[PDB]
């Protein structure tokens, strides 16, 4: 869950 | 010293959870304290955490609620969090942040100190040797505590660890017997009103209010202040230890609530997790708290520390008790089985541990065979538990004689060694006499661990 | 009655202690005051302004 | 040649205007000049890891770019000192400051310059004599025990041009000079060596000679080799540190380098307080053990990044002393801490976690740390022989040996000492498990153990068999209730109880088992195995014919002999003679033989 | 025995509370005297306002220091109405030094609409072009700041020293 969240956040840039 | 005036601001780039972001800041400094004035005129504070470019991030201590962009004002001071410390603080009451509670005035300070303190040099560390008298046989006798130690106390929800802590405070002293005493600093990490009343009344009772500084943070206070309160109390302790040469004892309570608050603040930044979702660096942070204790060369004071933490769901592998077990050098493990049997003080000994005993005791300290008594008593206790677990299945017919001896030893030892009472304070030598009284039950040809000499000179009487 | 009489005596004793302590403090403080006022005012009047050390052109 | 601090957060910062920079180049940041290192970059930006607390640093502070990667200084005077994680001499700091703290960014050289060490010439060289890398051209006496020896640095060679005479000199005085190909270069007593680089060596040789061990267990049952690898994972309350200290005090190695990482402060306090009192002689006068020990303290509070540097520093010192022909032995404490520090750092960079948050490359880093080991033939004309042994202590979070760090460790090491918290609850010091541990080096050492003893293999095999069969019978006696037992089964169970209580148990502080040499181990094992053999043979013979001997009968027959057997361990060999204890154990065997003859 | 125990408990709590209140009275008196010292210092400062010759120098220093701290192309300066001429003098003396210091041109202005409350003893405040960043270099603020920053020295002079303290570091 967390690592997917971090991908999601990274994709915002 | 610094004569530079303090800038104020009106820039609030945006808010996101407990954070507040500022823009157009001229040379921010990492970890500098800032005051906030809300539209209603009430006041707050915070501390910078992340800085990049002209942007900065600010953790609010009182909880963010009611922040308007166009009307708030963010004053900067330009230095790290710094606290006032004075000797006369003893005999006062304060809240989490340090403001007075007891209808008194703020502390005229003898000096300013860093909240984080700073590491002590390992070369100039006098290893602790002097022994403390707790009175409780489960500590003096099994897991003795020398000054400078930082042993915790493990408990569970609904257990009377508060009583144990109060009694420990009441009967602290020196086994080897001018009149010495203690200066006790106590910090509370989200205790309920009942706990606060109990501790305050207990300190009032024995007339010890003249020498206790209090730090109280009930559940009403915003959770972020719980991060700062421990280090503040610990700084005060260090001052009284090395600038007044006093002997000090620290009691932090319910560090589990502190860990929860740490998890809460960390979740805002989205740091990497660990086991059960706690921050990875939570270990290093707990290390920053706990270690600040012991005795240093060329001085006379010393810092003892007795943190207290509850174990969620009695699961010992839970990260908080584990990392505490790594940092500190011992444990106590209050039992609940004994509490269900209505026994006082209900302390398990089988998983308790005290790393400093190997030099705390010996000839010229307590008694010649102090270690041997401990080893043999623990061994008999362990085999007794094993025999009970065996009896639970095989039945009374399968028991051999030594099983009966171990079971009666278990029963007698539990009703005698462990059980003391609300205020009974045994001398150490009385405790050793009682221990030998329990050892004498077995014939001499079975006490394997004790040396032959000690058995020859002590067992028959 | 022993408790009440002892309460009276102990009370009177502690207010006596408080009053003498306060008077001693006040007397000690009327000894030297002008020196510190001079110190604070003198440090206030000085300015010595400078630019923030990190500034570049 | 100055960047400016673009950003700051935790121990990770950023600096612009650093286009002329390279990875792993050290760097000073801020007005305190905190040491750092480069990890990432993007354009003219860079990322600096900081080896010191960052509180108070401000944006725009100057950052000085230096001209060398991380390096460690080597030479005389290293022995006997205590350094922190990036090699500042702690004693010099405490003397210089007259305080009890460590001010941030204190600059003091690794070694002293105001000491005159005696020097001796090569006695075999002259003006115009050609050497190469790794050739000794000097000997300096640090003290009576260890004679320092200065070698030419690697990547240097040529014909000499001047040699200093014998006499007392400091570092700064130039000692040697030489021309190689028309360039003259000067050599002092100080080498500067990149920490992350391996010191070249002629050739790795196969192991050839074992490593003595203090404890009785972990010596016969799971030996170690002079250059091999060993690991000691185990849950808390089990006390790996006691075993580490015991190994440190008692071993035949010439130099000991005990690197702590994230340890407790009180443990370094133990070490400093305690080692100087213990002493030992080699070829004359008795000298303290501190005269052959170099420590690298790093306790928990100290800046998180320094934990990485300390371990590499320690192994580098070990290798440097290995180039002398000594036998170094190294003691790493809680490499799990090193892994966790790396985990935190990689977390703050916004990188990918792999397994429980640990970055993927930690397995590779761990393997690289260990592979620098083993006995080797050295590089140089004088033809030195030496080795490095590494025994590291893992701390699995909660005892769960399936955690990532232990899993990565078990694949690379050769010897593994599983420990059990239940035994440590029994205070069964040392709390080793003796059933999941193993050691692949047994085959290479059987040859040695035969060229000295020839009477150990049956003992070991029978001990393994009896313990294994006890463990198998554990379930059958647990469920049944100790009723369905043939007499041989009871015999093996109870002899297993005696060996577990007697041979396996050992106190690590009482004067009489602070140390136990190998011969006593052989004697005790031989006694117990022989008693097992005689008991079973007697019971077999009396079982087949008639009047099957019950265990109670032999117990009542020779309980006194059993009591003497168990109390065998009270000897303190330091005072008593070896042959005296050998004759004592022969006398106990005589007692057993007499009892078995009388029953016969 | 129960009634006895009750009596001693009440006696103990009563004595302890009495002692607490006595100590608290001592501390309140100390704080009150510190406050009176600060008020006296404020009155001395207000008296020192009246001398124009050195007040002008101080004002010049204040405005220069604010200019240095702000570092913005546009600026605004606000002061009491009855100090305004000396403020004009101060800005004219202040601009060129800053220009040679930072090598930039700044438009310095003085408001004529909003004026500080008369309750201010004296001093000057500054704002940037957008009136978002402001530096309060009033006499009251500086007096406050210097007071909080020098407290330990204040009691060191006023109360002697504490013998129990042995090391100052």
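Residue numbering in chain D adheres to Swiss-Prot, whereby the residues present occupy positions 17-616 in order.
If you check the header, you will see the structure was determined by electron microscopy, 4.4 Å.
Every residue, even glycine, has its Cβ placed from backbone N, Cα and C.
Swiss-Prot lists D:250, D:251, D:252, D:253, D:254, D:255, D:256, D:257 with the feature ATP binding site. Annotation comment: Swiss-Prot describes D:384 as phosphoserine.
Everything Swiss-Prot records as a feature, shown here on the structure.
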residue: D:250; record: ATP binding site; DSSP class: coil
residue: D:255; record: ATP binding site; DSSP class: coil
residue: D:384; record: phosphoserine; DSSP class: helix
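Ranking the binding-site residues D:250, D:253, D:255 by the number of CB atoms within 10 A of their own CB puts D:250 at the top.
Other than D:250, D:251, D:252, D:253, D:254, D:255, D:256, D:257, the residues of this chain whose Cβ falls within 8 Å of the Cβ centroid of the ATP site are, in sequence order, D:411, D:435, D:437, D:440, D:447. Residue D:257 (ATP binding site) counts 21 other C-beta atoms within 10 Å of its own C-beta, drawing on all protein chains shown.
Within its own chain, residue D:251 (ATP binding site) has D:412, D:414, D:415, D:435, D:437, D:440 as residues 6 or more apart in sequence whose C-beta sits under 8 angstroms from its own. The two recorded residues residue D:253 (ATP binding site) and residue D:384 (phosphoserine) have their Cα atoms spaced 30 Å from each other.
Sequence-distant neighbours of residue D:254 (ATP binding site) (same chain, 6+ residues apart, CB-CB distance under 8 A): D:435, D:436, D:437, D:439, D:440, D:447. Taking the recorded positions D:252, D:256, D:384 in turn, the residue surrounded by the fewest other Cβ atoms inside 10 Å of its Cβ turns out to be D:384.
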